[PDB]
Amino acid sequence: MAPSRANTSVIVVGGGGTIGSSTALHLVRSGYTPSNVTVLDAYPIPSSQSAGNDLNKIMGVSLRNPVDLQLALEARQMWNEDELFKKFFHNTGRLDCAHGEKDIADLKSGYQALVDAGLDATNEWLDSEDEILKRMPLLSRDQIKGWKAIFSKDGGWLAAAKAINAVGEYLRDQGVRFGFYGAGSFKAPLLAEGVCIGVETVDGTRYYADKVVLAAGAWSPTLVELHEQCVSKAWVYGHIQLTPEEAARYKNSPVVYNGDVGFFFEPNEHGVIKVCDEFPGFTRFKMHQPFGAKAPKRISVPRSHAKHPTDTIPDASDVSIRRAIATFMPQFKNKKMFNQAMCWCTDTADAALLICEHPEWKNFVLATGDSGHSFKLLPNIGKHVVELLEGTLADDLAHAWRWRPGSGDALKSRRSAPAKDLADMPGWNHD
């Protein structure tokens, strides 16, 4: 008979990242014995190459699939109420802006979706630049002519790296096992009679456990064969440095986002503003054999800034981010960004997660397909990964997250175009 929860060992591969750390946290909260939980990652939590290892991420409700509502409301509750997470949510609001006929129309129906989901109380439609300027006076009336926006009072930003670090300190304090670098870089599951019984890492270390969760983010489809269910893509950011006096003016600013321009956050405690552009992401295709492939594979394999710290971003991305600064912060349009880097996610065709047992390898569970929208789910997502492990996952979540090679084209996903490839986007490589 299977061991009880208290005696069930679980390896979380990618446990130094977002979904992995959340899964480990929820194993412990659910009453798995901490010393039976092993967190393996290529890098110490929060992993240097985790998409969650950043200054900030946006918190808000965005409804791309039906399950998104439950998941966002769960996350919102915990960012507000959970003592582990609360201090890292800054509830400054989110300004979701659009300009142009198409983008405005899409935003208007998006607003109605929020209303229809029951969130009328915390979302307001701003129908002119004058209304936007009321919610953030530091935007330039010259740059935002003809813009409209949704203002979400319940949104804001998340101190992402700090939050994962706090989870790591919880796990450490509880007695969770850690393996990093050579001792944490997964290469293969260990299989016996079609059951997964552990993993082996690049340095030959073998870990044995009753269950294994693969929460390896953008690396997931590089590590095991996923039949193009997830296609990994990079997005980009840069940092600019403000004087203390400049930074003080921006204190408690709402997050500002425009799907056609990018987004930016208030300065952190060091006076640094992080800026992203917005675009369909970049692949980096190369020949690579994930465990379980039965033919030659060309797949998008992350070019990791952690492994290649002299990398920056494509020239085109430097241009686009600078255009975002010129639009959002014209007074800063001549600052030189630094710490430019690529940040990796993996898209499913429908932008819902991939959280399911492997169809052949019993007790090996996928927990990936983050689709560029999942940091905000740090507090809660692990709860549902545990439910999946235990066979108690609700039908709607399980269906949305199921193994689905048939589902569609992840290279385009729900985005405006198929991602371009870093091979065709010069300027990031300084080898």
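For every residue, the number given is its place in the sequence shown, counted from 1.
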### Stretch with the greater mean C-alpha B-factor as recorded in the entry, comparing 10-18 against 406-414
406-414
### Query
Which wins on mean Cα temperature factor, 80-88 or 221-229?
80-88
### Options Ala367, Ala394, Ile45, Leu40 - largest CA temperature factor per the record
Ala394
### Of the residues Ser62, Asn363, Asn380, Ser371, the one carrying the largest Cα B-factor as recorded
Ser62
### Query
According to the PDB entry, is the CA B factor of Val28 in the bottom, middle or top third of its chain, that is, lowest, middle or highest?
middle
### Query
Considering only modelled residues of the same chain, in which third does the CA B-factor of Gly238 rank: lowest, middle or highest?
middle
### Query
What third of its chain, lowest, middle or highest, does the C-alpha temperature factor of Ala400 fall into?
middle
### Summary
Chain-relative C-alpha B factor for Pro34 (record values, thirds): the middle
### Message
Test of reading the entry: by CA B factor among the chain's modelled residues, which third contains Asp210?
### Response
middle
